[PDB]
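Chains as they are written, first to last, in the entry's author numbering: chain 2, 47 to 92; chain 3, 94 to 188; chain 9, 14 to 135; chain D, 62 to 276, 286 to 297.
Virtual Cβ for every residue (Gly too), placed ideally from N, Cα, C.
Each remark here refers to the structure printed beneath this line.
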Amino acid sequence: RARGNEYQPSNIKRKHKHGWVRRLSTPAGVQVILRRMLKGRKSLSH
Amino acid sequence: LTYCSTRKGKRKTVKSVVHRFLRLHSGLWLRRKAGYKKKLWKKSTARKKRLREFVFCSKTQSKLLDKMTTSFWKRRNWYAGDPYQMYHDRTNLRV
Amino acid sequence: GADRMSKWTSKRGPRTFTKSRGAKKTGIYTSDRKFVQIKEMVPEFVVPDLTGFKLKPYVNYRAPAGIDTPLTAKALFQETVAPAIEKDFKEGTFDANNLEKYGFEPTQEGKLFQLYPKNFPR
Amino acid sequence: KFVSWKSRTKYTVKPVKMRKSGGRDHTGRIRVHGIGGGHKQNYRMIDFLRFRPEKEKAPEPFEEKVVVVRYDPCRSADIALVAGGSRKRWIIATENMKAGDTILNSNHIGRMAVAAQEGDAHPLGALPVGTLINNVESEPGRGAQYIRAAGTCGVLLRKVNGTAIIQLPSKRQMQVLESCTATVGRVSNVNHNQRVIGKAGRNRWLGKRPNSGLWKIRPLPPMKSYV
RNA sequence: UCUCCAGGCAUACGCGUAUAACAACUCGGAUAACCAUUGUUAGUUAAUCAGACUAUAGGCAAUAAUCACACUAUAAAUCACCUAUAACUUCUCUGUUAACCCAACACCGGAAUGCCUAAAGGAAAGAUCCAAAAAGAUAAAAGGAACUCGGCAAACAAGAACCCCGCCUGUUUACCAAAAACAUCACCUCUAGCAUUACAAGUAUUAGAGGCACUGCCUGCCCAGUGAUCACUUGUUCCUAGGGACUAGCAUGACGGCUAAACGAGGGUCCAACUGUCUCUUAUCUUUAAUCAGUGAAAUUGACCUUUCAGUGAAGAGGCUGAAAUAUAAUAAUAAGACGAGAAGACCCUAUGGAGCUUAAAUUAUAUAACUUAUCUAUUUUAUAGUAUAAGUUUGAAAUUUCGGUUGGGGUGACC
RNA sequence: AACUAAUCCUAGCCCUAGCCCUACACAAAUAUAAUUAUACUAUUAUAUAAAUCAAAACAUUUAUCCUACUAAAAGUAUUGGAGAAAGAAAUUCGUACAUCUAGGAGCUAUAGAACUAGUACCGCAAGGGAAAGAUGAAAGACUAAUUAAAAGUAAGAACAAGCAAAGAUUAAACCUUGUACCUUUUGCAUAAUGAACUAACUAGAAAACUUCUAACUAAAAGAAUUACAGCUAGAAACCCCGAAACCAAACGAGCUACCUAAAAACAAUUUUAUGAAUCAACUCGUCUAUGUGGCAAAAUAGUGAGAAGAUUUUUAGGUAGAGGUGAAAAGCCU
Ligand SMILES: [Mg+2]
Ligand SMILES: [Mg+2]
Ligand SMILES: [Mg+2]
Ligand SMILES: [Mg+2]
Ligand SMILES: [Mg+2]
Ligand SMILES: [Mg+2]
Ligand SMILES: [Mg+2]
Ligand SMILES: [Mg+2]
Ligand SMILES: [Mg+2]
Ligand SMILES: [Mg+2]
Ligand SMILES: [Mg+2]
Ligand SMILES: [Mg+2]
Ligand SMILES: [Mg+2]
Ligand SMILES: [Mg+2]
Ligand SMILES: [Mg+2]
Ligand SMILES: [Mg+2]
Ligand SMILES: [Mg+2]
Ligand SMILES: [Mg+2]
Ligand SMILES: [Mg+2]
Ligand SMILES: [Mg+2]
Ligand SMILES: [Mg+2]
Ligand SMILES: [Mg+2]
Ligand SMILES: [Mg+2]
Ligand SMILES: [Mg+2]
Ligand SMILES: [Mg+2]
Ligand SMILES: [Mg+2]
Ligand SMILES: [Mg+2]
Ligand SMILES: [Mg+2]
Ligand SMILES: [Mg+2]
Ligand SMILES: [Mg+2]
Ligand SMILES: [Mg+2]
Ligand SMILES: [Mg+2]
Ligand SMILES: [Mg+2]
Ligand SMILES: [Mg+2]
Ligand SMILES: [Mg+2]
Ligand SMILES: [Mg+2]
Ligand SMILES: [Mg+2]
Ligand SMILES: [Mg+2]
Ligand SMILES: [Mg+2]
Ligand SMILES: [Mg+2]
Ligand SMILES: [Mg+2]
Ligand SMILES: [Mg+2]
Ligand SMILES: [Mg+2]
Ligand SMILES: [Mg+2]
Ligand SMILES: [Mg+2]
Ligand SMILES: [Mg+2]
Ligand SMILES: [Mg+2]
Ligand SMILES: [Mg+2]
Ligand SMILES: [Mg+2]
Ligand SMILES: [Mg+2]
Ligand SMILES: [Mg+2]
Ligand SMILES: [Mg+2]
Ligand SMILES: [Mg+2]
Ligand SMILES: [Mg+2]
Ligand SMILES: [Mg+2]
Numbered sequence: 047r048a049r050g051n052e053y054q055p056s057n058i059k060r061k062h063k064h065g066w067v068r069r070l071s072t073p074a075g076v077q078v079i080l081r082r083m084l085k086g087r088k089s090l091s092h
Numbered sequence: 094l095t096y097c098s099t100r101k102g103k104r105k106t107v108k109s110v111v112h113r114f115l116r117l118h119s120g121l122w123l124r125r126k127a128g129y130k131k132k133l134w135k136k137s138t139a140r141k142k143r144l145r146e147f148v149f150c151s152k153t154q155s156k157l158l159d160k161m162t163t164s165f166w167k168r169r170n171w172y173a174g175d176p177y178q179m180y181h182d183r184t185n186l187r188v
Numbered sequence: 014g015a016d017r018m019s020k021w022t023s024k025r026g027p028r029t030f031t032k033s034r035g036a037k038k039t040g041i042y043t044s045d046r047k048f049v050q051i052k053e054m055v056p057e058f059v060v061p062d063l064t065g066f067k068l069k070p071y072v073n074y075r076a077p078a079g080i081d082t083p084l085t086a087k088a089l090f091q092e093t094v095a096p097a098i099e100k101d102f103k104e105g106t107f108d109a110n111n112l113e114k115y116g117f118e119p120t121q122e123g124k125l126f127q128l129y130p131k132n133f134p135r
Numbered sequence: 062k063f064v065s066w067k068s069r070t071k072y073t074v075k076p077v078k079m080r081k082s083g084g085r086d087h088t089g090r091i092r093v094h095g096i097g098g099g100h101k102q103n104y105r106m107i108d109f110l111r112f113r114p115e116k117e118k119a120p121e122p123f124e125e126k127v128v129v130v131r132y133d134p135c136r137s138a139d140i141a142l143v144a145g146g147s148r149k150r151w152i153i154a155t156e157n158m159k160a161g162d163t164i165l166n167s168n169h170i171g172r173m174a175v176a177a178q179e180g181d182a183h184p185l186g187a188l189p190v191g192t193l194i195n196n197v198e199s200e201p202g203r204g205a206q207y208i209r210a211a212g213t214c215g216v217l218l219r220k221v222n223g224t225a226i227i228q229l230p231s232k233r234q235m236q237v238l239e240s241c242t243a244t245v246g247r248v249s250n251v252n253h254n255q256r257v258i259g260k261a262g263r264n265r266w267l268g269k270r271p272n273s274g275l276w286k287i288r289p290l291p292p293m294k295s296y297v
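As structure tokens, this is what we get:
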């Protein structure tokens, strides 16, 4: 079958998988935020 | 070998050489004969005599042994009662 | 393929996602799914009577402006409280206990307009 | 995130809704293979302690009335609703129970044997030796745990002192005190094993997934030659 | 106004101003017209459509659904109502546009539900010409598989029978394999006597692991031998070649041919009909092609003023040796050569380069499972129970590492 | 007789010296699907770093990594498949520039930071990550000039014959002579690799021993060292690009595999009473042709299989790499 379309957008899924509350839930996710703050990223999370 | 060490930045001596040879200040090296303690029961009386001796080294072996030791092992030593006192110098050598 | 940079508002997302644009609440929601407005929660504008008022938006260019002197706690105390205490002290009828006589308030509780924590808006 | 559905705290006769597992632990990984799907089912709480005196009542034998004998999705045997006093509760149903019958639950270890009618619960000591029984209890007051399947019965082989020997359906003998209750008679649905599934689709209804496609005596040194 | 075509309108999810007017004519639409582009100004209005929406504590449930009546069946199946406590008149907030989303694109692709099938929605041809080759459709004298690896494809046909394999409906290598493989009802072997997170709110007619077509039908033999429920001879044990004890609470098994009707985009064989498959090709229309106008890519490329024949050569010469030919440039065609271009195309060998798998390779292995000795408690008169740990022994789930050389490539041999 | 182009100088940066810090930025909003004025429902890093790699393999072992004052004792004592390698202390020495808030035989737009910016853009996510500017004192003087100057073109197509040139010649071509370049092969190529052209960028580094040039000399050296002509100082040296792998910690089940919960679709006809039949919707993908930088990184046109069930479909949740899932294809996990 034809590939290239694996992104089936859904806002509820997007915010739960990669969102702010999700990142802060574990210590590993909190360190993800710290790295992006040190680099200077304008977007810390979805 | 180590040409430049991390802690001091110097060359290092290969200690397996120091445990097998003796260096006379002129530049000669002395060694034993391989096998001089092995299976003596099967060796003739003339063969055993040759093994007991102290022997010199060739020019190429002397060159290699010099590279593998540092200068400290090449200095003048004044040992009272030295049994090698008379062999540290050369006499009547045209060369 | 989603946009990470634009702001998250209620126009976006599915139906069940909603949030406010910053307007203050004016009532309560009960069970039975009924909204009940509270009258005291609706702000009331206190507008003065402007009849016969001499002041207008602009001022004449010939009016002299004055040297700037921001008000300080010291200045307010001298103008209002200092004179009364000075007269009483000369008469000798002054004591620390009765500072309330001169306008001191021990605590802000009970006042309609509390100065800390502020309980009224602008 | 997995939370067990077995959270209800109070006994009732109303059906309870069940959640299936799929063979997965609370971690979420498969632990048992071959489980998945099936028909939706409701749980009816069965009371396995036959001699439970009612609230604010003395501990002497009482009787109860058989209201129904009903099919149960969660077992191989069938169940019966029984009412006595002002209380109703589910129990297991023996081979020949019928609606409207009256049944006896006893607390009395008769010095002599008590005449036994199918379905009544008596302490093991009273019953004569050789009388078939089921819903056996290992320890007094624990609640029945053995021989509660369809068409299965045990035998009271022997009694000495205050301890009796029971023969389980597997024929492995077992022993227990004589003060633990048991109910006489074989369990219902004696012909359960005779069923024929017929087609593959029927197993999928029961909640069974298909098998997988994938398809030690070490000799001693003197045995190496003739391996 | 005419000629022809036939999935449209709403909601959900998603998107985020692409919406409408005016003005521009740079960039964007693969070209113009016109805008989907650029700039400026505007827009979507709800107590009913849609979202969010905190009084408290107790008590309690046998009787599906399908027009639910009849009717059975099996897979056993959607808060209410009461008892007391407390409160005692209210409308704010948010969604609402469009030619639209996921696929690098104004992509012949993918995309849930309700109503309806033309009353809704649309345009296959920029202009001209009528060549070859290529693609698609339709018609064809006489013959009817002679075609071909094969009736592939096509047909005014779309039917019949038999053989191999598998029982059957199902599943599988997304992007070279759909099958004879996998699963499957049926049948058989092994392990387990028990509760508060799987198995399971279950208990041997139960649960887990594994094998295997079913069905009937031949082939069924390690019971201790002979006497005959009885005596000896055996066998297995003890006590000393003697003397006792035990063997009467049971009693074989292992293959073949079978198939069985049905079923199959499975692999073969055959008959009939049918036909441009063929003898042997032809005609017409559409797409392409060619000419005019607009916009405008890709692999490729040491330099080239880029000829034929014989010889030489590494099966090899446009360019070297010897002969010969020879005004200069375009447009449309053929595919012999330029060992023509892109091949992530395959076979052979090497490296003290790797990885996956299997063990009977070497080295370990508080994964489990057992024990033993201490230690710490209990008791006990030494003694049996247990055990937050240490040291041994037994099992081995796993872990790390390696694959000498010359003998064509193997296969047995050898050899250093 | 000129188009395309070219010329430029400062934005900032780099390495040291010095010094702790007290920077913690109106109102309002934010840990809820962050940036939503008020109760529901509690909140909390980590047991020893490993492997690559060296030992020309590999299994004990392998500097820094894993920091404790300079100079010396000393690469000495010691440790080590006693081998690759590793390596002290006792004991001596030292107040150091000390406003040096300063310096440069450091870079100047392909350099120096990735930076005009962690932006645009790419990825579900962790994450990856660019390009470029130039008048003058005044533009309230119409934006300045300067250059036969790169490749590429134009002005100006071509004229028997040939690695394109050389000897020549009155004469551009005619006559004579002449088997492209680098690397690799057996010192050989009409063999075979590599190159469309222009501009910029793009690869040999250390002082044990030796030789040369000086100072002083039985002594040399500005403390610790060497010496039977020595000792001290100077000068003289050993490349670039390219794997399949292995280990640690994050990030991924919006695709696909299987499961949980809540929902949904199935016309007409014949049978019956069903994993039955014919055949749409819908799901799948047998066979042939077209297409092959395609409309499409797997499609289109026909033709085919199932179509009340082990059926198909939607929404939300779960299982994670020493792993998961699997009607086993060593299939699938963006
Ligand atoms: Mg993508
Ligand atoms: Mg199998
Ligand atoms: Mg518009
Ligand atoms: Mg207009
Ligand atoms: Mg517009
Ligand atoms: Mg409403
Ligand atoms: Mg609520
Ligand atoms: Mg609308
Ligand atoms: Mg695409
Ligand atoms: Mg396209
Ligand atoms: Mg219309
Ligand atoms: Mg035309
Ligand atoms: Mg025809
Ligand atoms: Mg004909
Ligand atoms: Mg033929
Ligand atoms: Mg033929
Ligand atoms: Mg055909
Ligand atoms: Mg089959
Ligand atoms: Mg099938
Ligand atoms: Mg599957
Ligand atoms: Mg395939
Ligand atoms: Mg098939
Ligand atoms: Mg296929
Ligand atoms: Mg099979
Ligand atoms: Mg088939
Ligand atoms: Mg025929
Ligand atoms: Mg044209
Ligand atoms: Mg020519
Ligand atoms: Mg020739
Ligand atoms: Mg020639
Ligand atoms: Mg050709
Ligand atoms: Mg061609
Ligand atoms: Mg070629
Ligand atoms: Mg080798
Ligand atoms: Mg190796
Ligand atoms: Mg290796
Ligand atoms: Mg190595
Ligand atoms: Mg020291
Ligand atoms: Mg730069
Ligand atoms: Mg840069
Ligand atoms: Mg030029
Ligand atoms: Mg010429
Ligand atoms: Mg080659
Ligand atoms: Mg090339
Ligand atoms: Mg250059
Ligand atoms: Mg999912
Ligand atoms: Mg999906
Ligand atoms: Mg129907
Ligand atoms: Mg498929
Ligand atoms: Mg069929
Ligand atoms: Mg069909
Ligand atoms: Mg069907
Ligand atoms: Mg296989
Ligand atoms: Mg295989
Ligand atoms: Mg991938």
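Just grab the DSSP bridge partners of residue i for me.
i, result
"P184 (chain D)", "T242 (chain D)"
"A141 (chain D)", "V130 (chain D), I152 (chain D)"
"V49 (chain 9)", "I41 (chain 9)"
"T73 (chain D)", "DSSP lists no partner for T73 (chain D)."
"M235 (chain D)", "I227 (chain D)"
Is there a Cβ from chain 9 that is less than 8 angstroms from the Cβ of residue i?
i, result
"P73 (chain 2)", "no"
Please check if any C-beta of chain 2 sits within less than 8 angstroms of the C-beta of residue i.
i, result
"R28 (chain 9)", "no"
"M54 (chain 9)", "no"
"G14 (chain 9)", "yes"
"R17 (chain 9)", "yes"
Is the beta carbon of residue i within less than 7 angstroms of some heavy atom of ligand 9?
i, result
"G50 (chain 2)", "yes"
request  = Quick one: which residues of the stretch 57-68 of chain 2 get their C-beta closer than 8 angstroms to a C-beta of chain 9? List them in chain order.
outcome  = Cβ contacts with chain 9 come from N57, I58, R60.
inquiry  = Could you check whether the stretch 263-276 of chain D touches the stretch 202-210 of chain D, counting it as contact only if at least three pairs of C-beta atoms, one from each stretch, sit closer than 8 angstroms?
reply    = These segments do not touch.
ask   = Per the contact definition of three or more C-beta pairs closer than 8 angstroms, is the stretch 180-200 of chain D in contact with the stretch 241-256 of chain D?
value = Flag = yes, the stretch 241-256 of chain D and the stretch 180-200 of chain D touch.
message = Using a Cβ distance threshold of 8 angstroms, determine whether the stretch 70-90 of chain D contacts the stretch 100-109 of chain 9, with at least three qualifying pairs required.
response = In this structure the stretch 70-90 of chain D does not touch the stretch 100-109 of chain 9; the number of beta carbon pairs closer than 8 angstroms is below three.
key: Stretch-stretch touch, CB-based, cutoff 8 angstroms, three pairs: the stretch 153-164 of chain 3 with the stretch 121-141 of chain 3   = By the C-beta criterion, the stretch 153-164 of chain 3 is judged to be in contact with the stretch 121-141 of chain 3, since at least 3 inter-stretch pairs fall below 8 angstroms.
key: Segment contact flag, the stretch 94-108 of chain 9 with the stretch 122-135 of chain 9, C-beta cutoff 8 angstroms, min 3 pairs   = Below 8 angstroms, too few C-beta pairs join the stretch 94-108 of chain 9 and the stretch 122-135 of chain 9 to call them touching: fewer than three.
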